[PDB]
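So the structure is just underneath, and the comments pick up after that.
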Ligand code: HDD
Ligand code: HDD
Ligand code: HDD
Ligand SMILES: [Ca+2]
Ligand SMILES: [Ca+2]
Ligand SMILES: [Ca+2]
Ligand SMILES: [Ca+2]
Ligand SMILES: [Ca+2]
Ligand SMILES: [Ca+2]
Ligand SMILES: [Ca+2]
């Protein structure tokens, strides 16, 4: 794994510069014991330059979040419905990394804000990396990507004073929702307990969009991804979520970290609804429209495989 | 003030950044249900902009808020400094200030326990001058090279990035206990100074000794102290925690609102001035940033008034982008050989390259000076200037020798204090004059009132009880014990360890003025303080009582919120959104007594607001004459200090306003025996 | 205009930091007069940090180039064919900035490399900036933008050793050309004198792609942009270009700078060929194919307006280095076509400015700003120079009263896609069969050159291909050249010791087209700015008099005259030591200097004579005014473009006709 090869062990040894020269890093070099610090102190400048440059821009959305490593195991040879190599054999294992998140808050905002949550999953397959960048709610606020900055500006803090943090509870957000009626479906989801899940482990993941599964013979079917929690669905109540935001801003990332350390890594059945191309408009709405679900009564779930998260990261920044 | 750079979008058709009129609501597609086209430049320019909106947060003090204002000098200070902004009675200079916490990221809560930033830029007529200070006058460490150690230890553990905006974890207390220089700042941070009621109710300190330098070359040693005209005030910890959840924006909102209401905050900008010969005369080394000069040894001199009175137009462009530097220095000021200050000078010029992404960060509007620039700096990413001079080297004849060198004797140049010298070996050694890490933490502790000392003990009990390593907890007790055996015993009691035997080497009974918050007396003004009036829509008389109270309270500049079950004319907030952390005092109108179950708010909400306000020390009361139903339900004694009951609205308000100035009724908090 | 506002004057005043604090910058602050430098020296660190960060990435292609400001003036109200506002009125003037460039070389490489040249023009219109990002050659090497990194990697230096600089004369390039036959047309242009123009002012500009003109009624027509030089077409000869690359790497930028300063700013007629949408495939090729020209016989040029460059920049870095062109800079009245090369360019030029500028606010640099108000909800980003007053930057809103308003075909003079455009069919990664003829038009181009011009093209190929090490690559090259012309393949093969493959006549023909020949385009319409070197001596008062009388006679006609002698003095501009024939368009020896042509510590052995002999070998008009000189030089007196007159005035009348003729091609040997 590319990760093991890049691990650096510092449990023994003498301090070195980044080019392997043994040094110290506790006292600046000075002209006399009560003197001014010297420009020639390369130990000081290399250490402080690194520190000065430690930060990178946070993600433009989903800046607040936490990740874990695990495995995906296929239940079957799915060649009959897709050419995807990671799905081509019973028992086939593929390493995964998942990051969960809120959407609107900046990187130090509270886990238990009311919001849509991200659920992004990378499958490091033997025919390349495959990402499903999903949310815990199966429908999105807007019908065209060109509108994304409008939605996001409206829910993020007002830009004169940057208030309020990680909240749709302000004029601009409700102005946008009320002027752009496509938002109603996701708004209803976000105003339900799905806006304040009990943990990352007690929510589902959805690809949201219709995608295609394509067979080697070139034929295709339309699919929706649904990752179904084996832990069950659970929410906070709002008054509790507000107190929690203050008492433990890290509640979800801690809950996940602890579940993994205790040998209780969370699991989801990775599923799809699969329909024919001819059914794009058969269900009373258009399958190209990301504000619509296919009700399970019209298309049942097929279970493709098991996703399990069971290893925490070594360095949060790096991973 | 930055009017020249403002862009108005109150009219007009949408354009690209190159002024072509466009639309930005629907992608261009091959057919009505088709794929989006690569030739859609409207789409790509808008999304590329959005994709690149974010810049790195500051490495420290990432969470903060700013405002514009004015500094006015009280005198001609020519006799102690050549500084131009200080050279005439009433001389005005524009300022911009940013306040902040230190450890938390962007979006973390204002009301975390932390050291707070107080960074002030003076846009002077001889260049920008920044004083990049904190609300605590001493720093954790004695050498700038240790800054990444301190900051790594207090920021979240780097495997899981937990916990946010908190020193309550093993690594922070490991560092504090292994690096005893940290004791003084630690005691300040564990006091009420770690949880100020607002940015307007805290002071600002330069921390380091600097120099004032006269035009004749003579110098004096100085400390900067910005003294709040609003008074000093803190939260209680249990209130700070709830506020962190109910309103992460509490400090920035408080500042924004104070400015909008014509109540812009003020400070007297002051210095302690001492001679060069007094650098080691006070029983410690003035080069040591872990030490204060007790005011009994050097009084404060008031130089001028700092008032903040205008909010930014765009937070990102102004507050997020402002790039402070202690190297932004002007003639009349100089540095000292404080090894913490010395290294800062390097860091703040370097770190703006990370934030800005390129070298021309001094060109952003908020960073520009208000005088002309004449230099041979050229090119670089994002170069906004078009330089005429095609011979940007010195010495030249082809541009007639311009720009001219500025120095002590020509052009009002900056100059290093000419009496400064260095001697001795080139060493990476700490001066033994820095070795007493404990006497001043004890001085501070001794200077707090008894309940203030209890609050500080309780903060330590809270944080240290969360440290998992029993070796770290013991090492912590070792250090606290060197400051005070009593502190160590009392903290130990909460963590079920025994304190080590008294070690009296640094114990003493001296005290100093001006560091206590509890002891600083009633607030000098109650304007902007918040009063929540709890009422009901059930009784039209409760609303009438609330309206009467509003009129009488607003007349004195208090911010009044009437709370009821539902909104209507006269009601500002519903019970569902109301919380005691939203108010500095709470009044119930006696017509609403019955509320003290509904689908409109959580069970017990009206009573909980009142009980919380009481337990956190706020003035509370019932107006109207019938008070026992409410006071009994809340288990509040009618005869309590800071508890009011009057039928007369006028009399109620008179008494209640005395309580808002007292601010906290400390007699409601238990003390260790 | 945004430009004047950002000018900074440093002709007076004391040195200050970037925050206005007066300082010095000549000596570091030290602990003692022989001591170490102090970290607290903020004067030193701000100065050196700026220096350390002066450089930005060079452009990925066209890194070497030079720009100027000017004006475009419309000749008419063109509303009959386009809604474009800058074209809506007779005499309507629009400010422009133009950058010219080579393509392959890095930013310090020589102007006179053999290459395709860029000609990028920005019109700062009253309806937004409009850029036409063109070249001096009307066709491009490849038919799909996705292939651009392949082309460019192949022509740029080999990536193990980064050799050779600014040259297609290496195996990788010819490997690519020989494997990707679409390259043949542009290859023939680049191997002609078009690859080595005499100056930026003596070449044309082409948009290359078919674009659309769109009327306010929504109807559209197809167009090609052609900027036609009012200075005439002229080239260097290859040997000359090689010498110039060493003697004066700045030759073209110097020439442009100097022409502008002297009040001789270059001019072009901005022209279009216009044809109907129904003619997309009517000319025997597909107008979506960027490797094809429309012959002027099929579609004449319509003159739209005048482009003039007449003001040099103030700061090269801030203006020329930082200008960031995009074909995505389009205005109402113009639209794109489905040319797969143009389609992908639209993506690249918006993306690549992030690399150059290091942040997303590159349109805020003064050179990139428009001249009209900007109204949009783009916010933040590194280097944000605006303070936005609209605190509700989202659409739809009520909190900012629904502003800004959406602009489109009906409202607010919005850009709109030509509404007649459609797409139909499978989603495919397939090349249209209509693109498959890669050889007929290169042959048309070749046929259209004069015999000596054909020889120069054969000789450029002989030069470059002889430097290809791989015998298999050389064979593969002959295979492709042979499909254009058997004779070309035969003549190239003779220089490399290979046999040409047998004639394959599938694409051979004898058709010609007008307007592509340099040699055939006739004498230059103006000789203003052309350079005359007068080779004189300080050893004879008579020689300096002769030179001075000639100077005044030539200078009045706008010629740039350099008098050369052994050492400088009044009347002498340059020494023999620094002079070279590549410095002049014509060379005259004053006969009083006869002795210098027969050793000196002041110049290299044989220098005066070698300047005259080089100038003659390179085709330039050469003269002796007063021969022993022509004998020493082996220059026949009766030769065309060789002048011998004792009279000054008769010499100058004759010589100036020679400058207009420009090159005397009878001096170059032809095959057979
Ligand atoms: C056109 C813009 C746009 C639109 C319409 C969307 N997003 Fe997105 N999304 C971004 C532009 C973006 C982005 C700016 O590109 C981010 C920021 C960080 C990153 O890697 O991509 C991102 C991040 C991002 C992340 C964080 C991944 C991580 O943990 O690092 C998730 C989970 C989502 N998005 C999920 C969605 C879902 C489920 C969408 C609707 C179906 C969606 N996004 C629409
Ligand atoms: C050598 C490293 C170093 C050391 C010892 C310090 N700092 Fe610092 N400080 C920085 C390195 C730094 C920095 C990394 O350079 C920051 C981050 C963002 C910036 O502009 O500078 C910064 C930011 C920063 C800010 C935020 C300014 C703003 O609002 O934008 C304040 C108020 C302070 N610091 C105050 C202090 C005080 C009172 C110190 C002790 C007397 C101190 N710093 C020591
Ligand atoms: C898909 C990639 C791609 C393709 C197919 C082309 N180019 Fe390009 N071109 C770029 C990608 C690019 C670029 C990497 O985006 C550059 C580098 C610097 C810049 O601003 O854009 C560029 C620079 C650039 C410049 C320099 C502009 C200036 O002076 O700053 C000119 C004149 C051209 N190109 C002209 C053309 C012509 C006439 C083409 C074919 C008709 C062409 N390019 C195809
Ligand atoms: Ca708002
Ligand atoms: Ca629920
Ligand atoms: Ca820890
Ligand atoms: Ca307190
Ligand atoms: Ca000095
Ligand atoms: Ca090669
Ligand atoms: Ca030629």
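Chains as they are written, first to last, in our numbering: chain S, 1 to 319; chain G, 1001 to 1673; chain E, 2001 to 2672.
A virtual CB, placed ideally from N, CA and C, is assigned to each residue, including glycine.
Do you know how far the Cα of residue 2106 of chain E is from the Cα of residue 2350 of chain E?
Indexing the third chain from 1 puts residue 2350 of chain E at position 350. Indexing the third chain from 1 puts residue 2106 of chain E at position 106. Distance between the alpha carbons of residue 2350 of chain E and residue 2106 of chain E is about 21 Å.
Would you identify the three-state DSSP class for residue 1564 of chain G, choosing helix, strand or coil?
As a first step, residue 1564 of chain G is located in the second chain; it is residue number 564 there, counting from the start. Reduced to three states, the DSSP call for residue 1564 of chain G is strand.
Following the continuous alpha helix (DSSP H) through residue 2606 of chain E, name the residue where it begins and the one where it ends.
Working through the third chain from its first residue, we reach residue 2606 of chain E at position 606. Element bounds for residue 2606 of chain E: n/a, residue is neither H nor E.
Given the structure, does residue 229 of chain S come close to ligand 5, in the sense that its CB is under 6 Å from one of the ligand's heavy atoms?
On the first chain, position 229 is the one that residue 229 of chain S refers to. Residue 229 of chain S Cβ: outside cutoff for every heavy atom of ligand 5.
What does residue 1309 of chain G reach in chain E if we use C-beta pairs closer than 7 Å?
Numbered from its first residue, the second chain carries residue 1309 of chain G at position 309. Under the 7 Å cutoff, chain E gives no residues; its nearest Cβ is about 18 Å from residue 1309 of chain G.
Cα separation between residue 268 of chain S and residue 204 of chain S?
Along the first chain, read from residue 1 onward, the residue named residue 268 of chain S stands at position 268. Along the first chain, read from residue 1 onward, the residue named residue 204 of chain S stands at position 204. So the two alpha carbons sit approximately 8 Å from each other.
What residues from the segment 2564-2587 of chain E come within 9 Å of chain S, judged by C-beta to C-beta, listed N to C?
Of all residues in the segment 2564-2587 of chain E, none has a Cβ within less than 9 Å of some Cβ in chain S.
I want to verify the contact list: residues of chain G whose CB lies under 7 Å from the CB of residue 56 of chain S, in sequence order.
Within the first chain, numbered from 1, the residue matching residue 56 of chain S stands at position 56. The answer, in chain order, is 1056.
Could you please go through the chain and list the residues whose beta-carbon is closer than 6 Å to any non-hydrogen atom of ligand 9?
Residues flagged by the Cβ proximity filter: E:2158, E:2170, E:2171 and E:2172.
Return the residue from the list S:213, S:95 and S:225 that minimises the CA-CA distance to residue 137 of chain S.
On the first chain, residue 137 of chain S is found 137 positions in, with the first residue counted as 1. Selected option, being the one with the closest Cα: S:225.
Taking residue 2149 of chain E as part of the alpha helix (DSSP H), name the residues at either end of that continuous run.
Residue mapping note: residue 2149 of chain E aligns to position 149 of the third chain, counting from 1. Note, residue 2149 of chain E: alpha helix (DSSP H), 2148-2155.
Hey, does residue 2024 of chain E have any beta-carbon neighbour from chain G nearer than 7 Å?
Position 24 of the third chain, counting from 1, holds the residue named residue 2024 of chain E. It does: the Cβ of residue 2024 of chain E has a partner Cβ on chain G nearer than 7 Å.
Hey, how far is the Cα of residue 49 of chain S from the Cα of residue 1352 of chain G?
Against the first chain, residue 49 of chain S aligns to sequence position 49. Against the second chain, residue 1352 of chain G aligns to sequence position 352. Using only the alpha carbons, I get a separation of about 11 Å.
According to the neighbour-count rule (16 or more other Cβ atoms, all chains shown, within 10 Å of its Cβ), is residue 1388 of chain G buried or exposed?
Here residue 1388 of chain G is taken as the residue at index 388 of the second chain, counted from 1. Per the 10 Å Cβ criterion, exposed.
Please classify residue 142 of chain S: does DSSP put it in a helix, a strand, or coil?
The residue you call residue 142 of chain S lines up with position 142 of the first chain. Note: residue 142 of chain S maps to coil in three-state DSSP.
Considering only heavy atoms of ligand 8, list every residue whose Cβ is less than 5 Å from one of them, following chain order.
My final list is G:1415 and G:1416.
I'd like the ranges of any alpha helix (DSSP H) spanning at least 4 consecutive residues and lying wholly in the segment 2015-2066 of chain E.
Complete alpha helix (DSSP H) runs here, min 4: 2042-2052.
Assign residue 1354 of chain G to one of three DSSP states: helix, strand, or coil.
For the purposes of this step, residue 1354 of chain G is taken as residue 354 along the second chain, with counting starting at 1. Helix, per DSSP.
Could you spell out the range, first to last residue, of the beta strand (DSSP E) harbouring residue 2135 of chain E?
Stepping through the third chain from its first residue, residue 2135 of chain E is reached at position 135. Start and end: 2128-2135.
Can you name the residues of chain S whose CB is closer than 9 Å to the CB of residue 1484 of chain G?
Walking along the second chain from the start, residue 1484 of chain G turns up at place 484. Near residue 1484 of chain G there are no residues of chain S at all, since even the closest Cβ is about 28 Å away, more than 9 Å.
For a test of the three-state rule: what should DSSP assign to residue 1391 of chain G, helix, strand or coil?
Reading the second chain from its first residue, position 391 is the one you call residue 1391 of chain G. Coil, per DSSP.
With 16 other CB atoms within 10 Å as the buried threshold, where does residue 1311 of chain G fall?
Locating residue 1311 of chain G in the second chain gives position 311, where the first residue counts as 1. Residue 1311 of chain G is buried by the Cβ-count criterion.
Alpha carbons only, please: which of E:2189, E:2593, E:2208 and E:2610 is nearest the one belonging to residue 2447 of chain E?
What you label residue 2447 of chain E is simply residue 447 of the third chain in a count that begins at 1. That would be E:2189, whose Cα lies nearest to the Cα of residue 2447 of chain E.
For residue 1026 of chain G, decide whether its Cβ has a neighbour in chain S, counting only Cβ atoms nearer than 7 Å.
Here residue 1026 of chain G refers to the residue found at position 26 when the second chain is read from its first residue. For residue 1026 of chain G, the answer is yes, since a Cβ of chain S falls inside 7 Å of its Cβ.
Closer than 7 Å by beta-carbon distance: list the chain S residues that pair up with residue 1286 of chain G, in chain order.
On the second chain, position 286 is the one that residue 1286 of chain G refers to. In chain order: nothing, as chain S lies at least about 10 Å away.
DSSP on residue 2186 of chain E, reduced to helix/strand/coil?
As a first step, residue 2186 of chain E is located in the third chain; it is residue number 186 there, counting from the start. If DSSP states are grouped into helix, strand and coil, residue 2186 of chain E belongs with the helices.
To be precise: take each residue of the segment 175-205 of chain S, compare its Cβ to all Cβ atoms of chain E, and keep it if any distance is under 9 Å. Which residues remain?
Result list: 175, 176, 178, 179 and 180.
Measuring straight from C-alpha to C-alpha, what distance separates residue 2305 of chain E and residue 2430 of chain E?
Stepping through the third chain from its first residue, residue 2305 of chain E is reached at position 305. Stepping through the third chain from its first residue, residue 2430 of chain E is reached at position 430. Going from the Cα of residue 2305 of chain E to the Cα of residue 2430 of chain E covers about 39 Å.
Quick check on the DSSP output: the alpha helix (DSSP H) that includes residue 1259 of chain G runs from which residue to which?
By 1-based counting over the second chain, the position of residue 1259 of chain G is 259. Taken as a continuous stretch (DSSP letters only), the alpha helix (DSSP H) holding residue 1259 of chain G covers 1250-1260.
Kindly list, in the order they appear in chain G, the residues whose Cβ is closer than 8 Å to that of residue 295 of chain S.
Against the first chain, residue 295 of chain S aligns to sequence position 295. Per Cβ cutoff of 8 Å: no residues; residue 295 of chain S is ~22 Å from chain G at best.
Since residue 2079 of chain E sits in a beta bridge, which residues does DSSP pair it with?
As a position in the third chain, residue 2079 of chain E is number 79, starting the count at 1. Beta-bridge pairing links residue 2079 of chain E to no other residue.
Can the beta-carbon of residue 83 of chain S be found closer than 7 Å to that of residue 215 of chain S?
Indexing the first chain from 1 puts residue 83 of chain S at position 83. Indexing the first chain from 1 puts residue 215 of chain S at position 215. For residue 83 of chain S and residue 215 of chain S, yes; Cβs fall inside 7 Å.
If you draw a straight line from the alpha carbon of residue 1452 of chain G to that of residue 1191 of chain G, how long is it in whole angstroms?
Mapped onto the second chain, residue 1452 of chain G falls at position 452. Mapped onto the second chain, residue 1191 of chain G falls at position 191. C-alpha separation (whole angstroms): 7 Å.
Just curious, the alpha helix (DSSP H) that residue 1472 of chain G is in, first and last residue?
Here residue 1472 of chain G refers to the residue found at position 472 of the second chain. Where residue 1472 of chain G is concerned, the enclosing alpha helix (DSSP H) stretches over 1471-1483.
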